[PDB]
Amino acid sequence: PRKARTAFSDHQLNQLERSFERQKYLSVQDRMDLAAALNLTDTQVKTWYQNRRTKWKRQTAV
DNA sequence: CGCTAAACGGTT
DNA sequence: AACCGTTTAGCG
């Protein structure tokens, strides 16, 4: 049983990208604080940051 | 299709 | 526990 695909709001995407520009890796507390501010689950933030690092590494390589 | 969220098996 | 590298798949 797969989880439904989260559709992030524009506010959530803007805040996630502002976080990522500041810090490429978050502490457990910072990750939880971001999830709470955005009404997202801890896992959805953790997964967004992980996939964001994948995209970031792709862009670094060119 | 392209982007990207979630899942897999493996690593740190 | 979280991450990595990669895959799988949802959807505009």
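Computed over heavy atoms, backbone and side chain alike; hydrogens, waters and symmetry mates excluded. Each chain gets a letter, A, B and so on, in the order its sequence line appears, and its residues count up from 1.
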Problem set entry | Set of residues satisfying side-chain contact (heavy atoms from CB on, under 4.5 Å) with respect to A:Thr54, sequence neighbours excluded | none

Problem set entry | Contact residues, residues 17-27 of chain A to DNA chain C [heavy atom, < 4.0 Å] | A:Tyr25

Problem set entry | Listed partners of A:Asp42 passing side-chain contact (heavy atoms from CB on, under 4.5 Å), at least two apart | A:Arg31, A:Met32

For this session: Report yes if a side-chain nitrogen or oxygen of A:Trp48 is closer than 4.0 Å to either non-bridging phosphate oxygen (OP1 or OP2) of B:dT4; otherwise report no.
Result: no

Exercise. Nearest heavy-atom pair of A:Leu13 and A:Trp48: which atoms, and what distance?
Worked result: CD2-NE1, 4.0 Å

Exercise. Earliest and latest nucleotide of DNA chain C, 5' to 3', sitting under 4.0 Å from a non-hydrogen atom of chain A?
Worked result: C:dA2 to C:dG10

Exercise. Are any of the side-chain heavy atoms of A:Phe8 and A:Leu38 separated by less than 4.5 Å?
Worked result: no

Problem set entry | Gap between atom CG of A:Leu40 and atom OG of A:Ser9 - 0.5 Å precision | 7.5 Å

For this session: Could you pull out all residues at least two apart from A:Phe20 that satisfy ring-ring contact (aromatic ring centres under 6.0 Å, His included)?
Result: A:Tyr49, A:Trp56

For this session: Could I get the full list of side-chain contact (heavy atoms from CB on, under 4.5 Å) partners for A:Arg18, not counting sequence neighbours?
Result: A:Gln15, A:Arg22

Seminar exercise, completed: Here the residues of residues 4-11 of chain A within 4.0 Å heavy-atom distance, strictly under, of DNA chain B are A:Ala4, A:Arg5, A:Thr6, A:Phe8

Seminar exercise, completed: When rounded to the nearest 0.5 Å, the distance separating CD of A:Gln44 from CG of A:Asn39 is 10.5 Å

For this session: Sequence neighbours left out, what passes side-chain contact (heavy atoms from CB on, under 4.5 Å) with A:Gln50? Give chain and number order.
Result: A:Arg53

Any N/O pairs under 3.5 Å between the protein and nucleotides 7-12 of chain B? List them or say none.
residue, atom, partner, partner atom, Å
B:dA7, OP1, A:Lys3, N, 2.9

Problem set entry | Listed partners of A:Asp33 passing side-chain hydrogen bond (donor to acceptor under 3.5 Å, both in side chains), at least two apart | A:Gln29

Problem set entry | Nearest atoms (heavy-atom pairs only) where A:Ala35 meets A:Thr41 | CB-O, 3.8 Å

Exercise. Can you list the residues that meet the salt bridge (charged side-chain N to carboxylate O under 4.0 Å, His left out) rule with A:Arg52, with sequence neighbours excluded?
Worked result: A:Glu17

Problem set entry | Nearest-0.5 Å distance, NZ of residue A:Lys57 to NZ of residue A:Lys24 | 12.5 Å

For this session: Please list, by residue number, the residues of residues 53-62 of chain A whose heavy atoms come closer than 4.0 Å to an atom of DNA chain C; answer none if no residue qualifies.
Result: A:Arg53, A:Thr54, A:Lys57

